Structures are given as structure tokens and as C-alpha cells.
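1. Once you've seen the sequence and the experimental structure below, I've got questions.
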Amino acid sequence: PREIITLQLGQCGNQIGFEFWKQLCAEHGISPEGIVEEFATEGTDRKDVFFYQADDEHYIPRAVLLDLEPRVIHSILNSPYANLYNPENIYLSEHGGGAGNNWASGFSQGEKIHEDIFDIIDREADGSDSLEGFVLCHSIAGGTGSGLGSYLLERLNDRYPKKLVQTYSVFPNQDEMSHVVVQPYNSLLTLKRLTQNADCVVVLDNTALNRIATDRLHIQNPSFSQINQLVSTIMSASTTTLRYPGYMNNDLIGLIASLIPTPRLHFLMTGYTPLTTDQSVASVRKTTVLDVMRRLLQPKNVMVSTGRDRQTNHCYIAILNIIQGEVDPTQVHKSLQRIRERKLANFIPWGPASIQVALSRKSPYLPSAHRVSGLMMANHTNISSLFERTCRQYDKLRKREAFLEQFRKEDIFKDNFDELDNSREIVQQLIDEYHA
Amino acid sequence: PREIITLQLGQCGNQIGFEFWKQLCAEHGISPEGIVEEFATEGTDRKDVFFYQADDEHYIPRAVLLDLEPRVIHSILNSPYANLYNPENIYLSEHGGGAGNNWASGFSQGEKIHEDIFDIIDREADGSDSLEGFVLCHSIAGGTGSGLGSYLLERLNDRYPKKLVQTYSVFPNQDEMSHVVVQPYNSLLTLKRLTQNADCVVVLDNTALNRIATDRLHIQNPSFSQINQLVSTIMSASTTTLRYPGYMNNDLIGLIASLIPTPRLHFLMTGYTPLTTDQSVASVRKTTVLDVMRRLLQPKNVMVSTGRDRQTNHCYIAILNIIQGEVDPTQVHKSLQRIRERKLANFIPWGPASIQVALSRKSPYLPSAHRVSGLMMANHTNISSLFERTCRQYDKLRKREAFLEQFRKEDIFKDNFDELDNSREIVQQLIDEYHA
Amino acid sequence: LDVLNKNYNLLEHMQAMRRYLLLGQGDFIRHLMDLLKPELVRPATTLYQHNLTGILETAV
Amino acid sequence: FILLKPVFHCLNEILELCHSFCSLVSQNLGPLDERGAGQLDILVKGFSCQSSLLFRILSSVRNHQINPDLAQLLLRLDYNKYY
């Protein structure tokens, strides 16, 4: 019916998808090894849209996880949520990889394991006779997720041409350049494949993570154990129309169709306010829907590093405001009434704009059926500031003679560096041209 | 009444029929040396249709087992199920054979033991005054089952002309050609006798066995001890209308009459889904009949190596879908309602098609009266892909000068190789011509 | 109002008709309308009804 | 019983007309005889006298104010016939 195959790949893409499947059992009322609660069918009306359909009421995840590093998968099998995963769909015990840290490693390893990489991931494709598409849950940081992920964006474009492609890709961190220095090279090589060899992306910045991780979360030493908490909730938040019973844009080709203006303009800004557990003691007094979307357009919950004074000459075109759970829908048109009076979104002068709001009932659970949740999927034309940030860090590195002799020994014979530079400037010029 | 004599023959045909008789005692509620349970007559309403009729409530099997190799029969008498077999119907102790590995060995040994091979197997023929027919439970692999089995397909065609002939023959393995190399020669010589000297066959591929033997069975080293488990269940599944009390097509000349379009087009595709023991813990919640036949026409349970992209120009003509045991027959017409909406079977444009469904109650046993079972007997015109596979491996071997001097020393004086080639192409041309 | 709740579920059918005629829950109708389109593209014949009854039954 | 006069007369006319297909085939080497094809020519009319009379009831099944259990069964064999 609407079966999606997630493509978890890389050192960071496997960990953000590990707790994504772990989030799904707590809201479906199911255990990874059994069914102890009856809340799975009376409370939740649809479960076989991301999981594989049941053979013994055991909803297998439709997931594949490949990585060169064996460290990310050795921290999985000792956890009690790995018995839900199957040891025959992806790998058996003692799976390995390369050495290995290179963008050209996984780019060259795709055609030597070409027979095996297109054998076991295609067995899940013909399980349903109407496949939705493929989401590449991969990473941009490092050479593991960026090297091999650029290969599958090409060969799955023609072997599966009538399928939706859209990824939840995480952006790397640009604070210092000591541990990694190959960061401007492997990022722009995948970013070219994300626009012409891929339809849509969902950007997730790393410098904007610790802006939120010290905002309300109150940590002193930033660890990697907090990167899975902001990411796994908004992943399950994006499929609330798709997993839980909704009516309009209840498919993944429903939501993405109403937000993309044009190809190579698909970078969607994400926002998510409620992350604090001591808000729970004051939501008993009928906290309404009239105050939760006034702060979405206000740049506080954003996960995109952008300029603060660059929003006057940029214009919103498509903005999504997803409320979940208890909505009190007699005032949801009242919340959309107050949008035109502030004009917090700059509107495009050539065409109409749209503020789309939708709702779906959440899990039968006490932290879910009590507190209001707001998921934002914006589309603003100030996203070229990240593309100006990555390009200015790209041409400055090529004048310092950095990784021009250390990178072209394997499988690179011609200069494909300006092939990425002009196509990035094509994106940056067509964005500002789009508001005439 | 409806007595069938099974002709178990060869190295592989004797082992697949050994556990076929061993399967029948566990479902009849009987022991091979005694009668300890009263479930044989109150639960099962008919038992004397494959067994010989009782003299002391000892249901003798109507079976004969000849082979050149004494190794297959020396692994029988130490098992406690051999006392049900008789040491006077076939052979006494210390029976032997040839040396021996040749198709021309058993083809020449049929007329030197011609007096003894038509003496003791005819004593079981006049036990019932209305004989059903003969099933040749023989093999195609090797020269033992293929050499002698081609002789009895000729001399039993005129000595018993009014009897049904139909075989459950197993196809050999075509993975490498090191241990055996005589595989294209002895297979096509028997395949000519299976079309004009035989009415119907039931094909059983070997390369499709290990496709299923690693699908859900989870083995690492493929042994011969697993080849008897997929075969013995579908043999007893095919006679559920014949052994257990049914109404329509309750004879072996009932089932085969409603599926064969024409002579030399009789190769029936087989399918059987339920082979897993941990499905038992979730069949307690009324698992229905509406989901078990949606996966039969879906090419997952098939035992025939065929092309995946060759089903659009080929058309189904006859498809059998046998449900067993608990059926819940108030929704069995509901399962056949959903067949026309998908059109998963391509229908012939010249004439009508037929989806025949039938039911019979299973054995009074706990793994049998709880779990739904689906037996498929298809007939699709993509079966020429195996005939194109065997013929392309046949003419390529004759240009390499392989077994043209090593095969014509004994009892072969003329070239009968193109006598098998044209008759095989007659089958392959009349199949594609059959849909006008 | 108690005899319907024990036997007939009268106002439960008030909610159940909203999921099909008012199209409350879309997954019942979208998995319908996906399969239902290869039949609606051709003109209707006298052979129309017999596969429409179980293109419903594979959708439900 | 499906219908009193026509369908029971249509159904017993089916079983009579294939009963002479028994007694036609039952000769020694049937399809090579002149009487094998001569007796046949009446039966190739009477077999399509029965499918077309089965076709006449299906128009009374579609244009329907008669009986639902009559219509559900006779169409069930009919999509098992025409498909």
C-alpha cells in the first residue's frame, strides 16, 4: 500500500534511525519482542506503513543499515531493542567494512559490492505491489555516510524511476577544522547529488543543535548522546498524518507535493517547540492552540543557521504548521485567523502563499494525550546563507593547496571541483530570481 | 475402488517416498506396527485409498521400491517405520543392483529382468477390480532413476491402457557440472517419455529448493536431509480430497482433468506457503482465509525457476487453490470475490479461465486443526523458460564433443539426439501458439 | 437507548457512516482509490460490478 | 430450483446434450468416422443453444427484480465463465 523503505547509512545515520525505530514501539503500544498491550489496534488504527506487515503480530522494521565502521552496530545487539531487528535482512553477526575514512572509499566500494548491495535490499521491494519510495537516512559528516550515499542516489534513480525520493539528512558541524579537514570536499559532492539526483531533502544543522541543546536542556559538556533526542521525535512527528489515521496529505507524496516550488529548491526549514518535561504541570488548565503557532514563525525553534537581518528581502512561499494530539479543533481556524494580521511571513510578490495546518490524534499515552505539540516544515528563501557559508569555505580551501594532491590518487583524474561550484551558484541565483 | 499403486524408483525417488508413507501414519492416527489410538476411524472417514486394505487392521502400503544402489534401502530397515513395509512385496533381505551409473544401464536392465519386474508388481493390481492408475515416484537426477524409469513409461502404456498416469518427478540441480556431467543427456531422454508416453507430470525443481531452504528455514550448509521435508507434505496435501472425505474432485482423475488444457502441456506449477513453526502462537486469534490466497498467485512460494519479466506475455489458464482443515467457509466465496479486482493471473484471450478452490478437513491433530494451509497447483505458460534452459544446455554440450564417444558403445547405434530436440521445440512452440 | 447499545449499536453506526460517506478516515478510501483507478479509467460495461465487490474486499 | 419452467428446462437440456457427447465419443476411433462428425454437427448447434439460453437468464439477472440468491450464484459461475 504505502510502504516506505528507510535507507539508514553511515556513522551518524545509523544512530539517528536506531532510536527512530525505538520511538515507534513506545507509541504503538508494542514491545520489540512481544505484544503485551492491547492498545495497538483500538488506539492506533494503522501500523503497517513503516513496519513490515505482520506474520505473528511481529511488526518487522523495513530497515537496512550499512556502514564501514563496525562500532555503531556493536552498540546495538546488547540493547534489548535489537531482537526486533532481523539478522538476515541486512547482515548476520560479525559484519565489517573498510579501514576507513575517505569520500572516495565508499564511492569506489559501491561497484565492487554491486552484486550484494542490490540483492537483499530489493527483497523488501516486491513485498508490496505499490511501493511508496525510498528515504535515505544518511549523513553528510564524515566520509562514510557521504561516500557511499552518493552512489545510491544515482543507480536508484533509473532502476526505480516512479518512486519518491526525499531524505532526512544531517548537516555537519563547522566550529573548528582540526579533527576533520575534508569537510568542505565530501559535503559539496553529496550536495550536488541532493538537488539533481534527488527530489527533496530535510536539512538538519549541527551548529543549530547545540544552540537548542543549551537553550532549555541545560548541559555543560556537549556529548553525542543528545543528538538522537531532537532528531527522533521530529521524524515520527513528520509521519503523524501517515502513521496515525489522517485524511489530507496522509502520504509522504502528499506533504512534499504541497511545499516544493520547483526542483533544486527543496530545502525545508524545521521547527519544534515542546521539549521540556516541567511544562506538564500547567497543561491541565486547557492550554489552547491559539498560542502555539505564534512562536513557530518567530525564529526561536529553528534548526537552520541563517542571518537575522536577511529576512526582509526574502519571502516565505510555503509554510507547514502541524498540530498533534489534543487540538481543540473549534479554535484551529481561530489560530489561522491571527496569521494575516501580523504578517510574520513575508509573502512572495509574484504569486500566492499558503499556511497549511493539519491535525492527527497521537498515541494513547499520558505524555502524548496531554501536551500540545507543534511541528513546523517551513520553506524560506534565506537558505542560501548556508550555501554562501559552504561555498566561501570551499573556494578558500582550494587556494591554500589543501587536499589537491592527497585526494586525486584514487578514481579521480579530472577536476570536478568547479562542477560543484557552478551548480551550487545555480541554486543560489535561482532562489533570489524566484521572487520577481 | 480408488486404489493407486505408487512406483517409487531411483536414488532420490525412494527417499522422497519413504517419508511420504511416514507422513501418512502421523495423520491417520496409526502406528507402523500397531493400532494404539482410536482416532483412525472416528476422525478419518477413509483410509483404504493409498494403503492396501486391512487384514488385521494393518494398512499395508501399496508401494514398490527398486533401485540399483543398495545404500538407499540399507538406511530403511534400521528405522522403526520399515516393519510396516513388507519383505515379500518388493524384495527380501540383501537386495542389490548394478555397479552403476548410466542411463543406458537401467534402459538395458529392463528387458533382462523383464520376467521378474512384471511378476510381483502385478500381484497388487488385481487386488482391487477397479484400479485407479499408476504414479511413477521416480527421479530425473542421476542415471539410476532416469534409466529404468523410461522403460516402464512404455510397456505400462499398452498393458494397462485405461489407467491414469501422472508422476511427481523431481528436477535435477543445474548449479555446477563437476560431479555429474551426464545431466543434459539423461534428463531430455526421460522428458520425451514424460509428454507422449505419459499424460501429466508434477515438476519439482532443485534450484528452487534451496531458494526456499534458505528463505525461512535458516540453514548454512545445504544437506540432503532437507529435500524430504518440502516434498512429503505437498504429496499428502495433493490427496486431501482423495484420502480425507471430500465431494468434488475427490479422485486423482478428478483433479488432473480440470487443469490439463491439452496433451504435452501438463507441467503444473506448485506452491505451498506455511512451513514455519513460530506462526503457531498467533493463529489463535482467528486468522482468516481472506489473506492466504493473496500470496499464492504472488511469486513467492513457487517451486519453478522462471523469468520474472516474462509473465506479461504469458497467461494463466488453470489455477488450483486448495485450502485444508479450518477454512471458515462463510468467507471462502469472499476470498474468491477479491480475485477479479487485482487480475494477478493473466487470462487467456481466446477462452475462459478458472480459479478452482476446494476444501477438506485435516487430521485430528493440534498442528493440523489450528493453522491454515494453502496448496497451489498452477498452470502458467512461462514454463518454457525451463525448457529453454535445458535445451540451451543441451545443444551447447554437443558442440563440445562431450559424451558422443563415451555413450554410444552400448545399445545406441543411431543418433536419437535430434529426436529429443524437435519434440522439445514442439512443446515450446505449441505453448506460445496456445494463446491466439 | 440501552437496547441499541446491547444489540444494535445505533449511534455507533452514526460514527461509522462518517468514515465512508463523509470520508472521515482517509486510509480506508485512499487504499480504495489507488486500486480503484485502473477500473474507472475504462468505460463501464455490464461486467463492471463483479470485481467492484472484492476490490472493496481487498481494500477493507 | 433456480427457475420453474426455463432454467430447469435449460439445465436438463444441458445434461441431455452432453449425454450424447458421451455416446458419440464412445465409438471405436470416434473423430475419424463420418458418423462421428455427422452426429457432431447437431451437437455443435445444441451446445450453443445452451450457452445462449444461459445468456438469456443473465439479462434477467442484471435487469433485476426477481431474487438475490438466484443472482449471486448465477453470476458467480458467470465471472467464472466469462472470466
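-> The structure has been received and is ready for your questions. Numbers count the residues shown, from 1 in each chain, chains lettered A, B, ... in the order given.

2. May I ask you to confirm that residue D:66 is in contact with residue D:59?
-> No - judged on CB atoms under 8 Å, residue D:66 makes no contact with residue D:59 at a distance of 11.6 Å. Where C-beta positions appear, they are placed from N, C-alpha and C, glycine not excepted.

3. How about the residues of chain D by chain C?
-> With the criterion set to CB under 8 Å from any CB of the partner chain, chain D comes near chain C through D:62, D:75, D:78-79, D:82-83.

4. May I have the distance across stretch A:195-214, first residue to last?
-> One end of stretch A:195-214 to the other measures 32 Å (CA to CA, to the nearest Å).

5. On the three-state scheme, residue A:231 is what?
-> Following DSSP: H, G, I helix; E, B strand; the rest coil, the label given to residue A:231 is helix.

6. about what we covered before: of the residues of chain D next to chain C, closest to residue A:186?
-> residue D:83 (56.9 Å; CB to CB).

7. Next up, the contacts around the closest one.
-> Contacts of residue D:83 were listed using CB atoms under 8 Å, 6 or more residues apart in numbering or on different chains, and they are B:340, B:347, B:352-353, C:47, C:50.

8. One more pass at 10 Å, please.
-> By CB atoms under 10 Å, 6 or more residues apart in numbering or on different chains, residue D:83 lies in contact with B:339-340, B:343, B:345, B:347, B:352-355, C:47, C:50-51.

9. ok, so of those residues, who is nearest chain D?
-> Lowest distance from chain D to these (CB to the nearest CB) belongs to residue C:50, with 4.5 Å.

10. and the closest one, what is it in contact with?
-> B:337, B:340-341, D:75-76, D:78-80, D:82-83.

11. how about those residues in TSV, adding secondary structure?
-> What follows is these, written out as TSV (three-state DSSP):
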residue	secondary structure
B:337	helix
B:340	helix
B:341	helix
D:75	helix
D:76	helix
D:78	helix
D:79	helix
D:80	coil
D:82	coil
D:83	coil
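
12. Now the buried members of those.
-> Among the contacts of residue C:50, those scoring as buried are B:337, B:340-341, D:75, D:78-80, D:83 (criterion: 16 or more other CB atoms under 10 Å in any protein chain shown).

13. any idea which of these is the one closest to residue A:173?
-> residue B:341 (53.0 Å).

14. so is the closest residue to that closest one other than its chain neighbours in a helix, a strand, or just coil?
-> Excluding its sequence neighbours, the residue lying closest to residue B:341 (CB to CB, 6 or more residues apart in numbering or on different chains) is residue C:55, at 3.3 Å. Under the three-state scheme (three-state DSSP), residue C:55 adopts helix.

15. Can you tell me how far residue C:55 is from residue D:71?
-> Using CB to CB, to the nearest Å, residue C:55 is found at 19 Å from residue D:71.

16. What is the neighbour count of residue D:38?
-> For residue D:38, the count of nearby residues is 10 (other CB atoms under 10 Å in any protein chain shown).

17. meant to ask about residue A:315, not that
-> 18.

18. same question, residue D:66
-> If we define neighbours as other CB under 10 Å, then residue D:66 has 10 of them.

19. do the same with residue C:53
-> 15.

20. Same check on residue A:220?
-> Residue A:220: 5 neighbours (other CB under 10 Å).

21. go on, residue D:17?
-> Residue D:17: 16 neighbours (other CB under 10 Å).

22. which residues does it contact?
-> Taking CB under 10 Å, 6+ apart as the definition, contacts of residue D:17 comprise D:42-43, D:45-47, D:49-50.

23. just the buried members of those residues?
-> Buried among these (16+ other CB under 10 Å): residue D:50.

24. Just put the contacts of residue D:17 in JSON lines and tack on secondary structure and distance to residue A:270.
-> Below are the contacts of residue D:17 laid out as JSON lines (DSSP: H, G, I helix; E, B strand; the rest coil; distance: CB to CB, whole Å):
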{"residue": "D:42", "secondary structure": "helix", "distance to residue A:270": "81"}
{"residue": "D:43", "secondary structure": "helix", "distance to residue A:270": "77"}
{"residue": "D:45", "secondary structure": "helix", "distance to residue A:270": "76"}
{"residue": "D:46", "secondary structure": "helix", "distance to residue A:270": "76"}
{"residue": "D:47", "secondary structure": "helix", "distance to residue A:270": "71"}
{"residue": "D:49", "secondary structure": "helix", "distance to residue A:270": "73"}
{"residue": "D:50", "secondary structure": "helix", "distance to residue A:270": "70"}
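
25. was I right about residue A:144 contacting residue A:150?
-> No - counting by CB atoms under 10 Å, residue A:144 sits too far from residue A:150 to count as a contact (11.8 Å).

26. quick check, nearest of the contacts of residue C:50 to chain A?
-> Nearest to chain A among those is residue B:341, at 12.7 Å by CB to the nearest CB.

27. which residues touch that closest one?
-> Residue B:341 is in contact with C:35-36, C:38-39, C:50-59, counting by CB under 10 Å, 6+ apart.

28. Name the nearest residue to the closest residue to chain C within chain D, sequence neighbours excluded.
-> Closest contact between chain D and chain C, by CB to the nearest CB, is at residue D:79 (4.5 Å). Distances taken as CB to CB, 6+ apart put residue C:50 closest to residue D:79, at 4.5 Å, once the chain neighbours are dropped.

29. I am finished for the moment; much appreciated.
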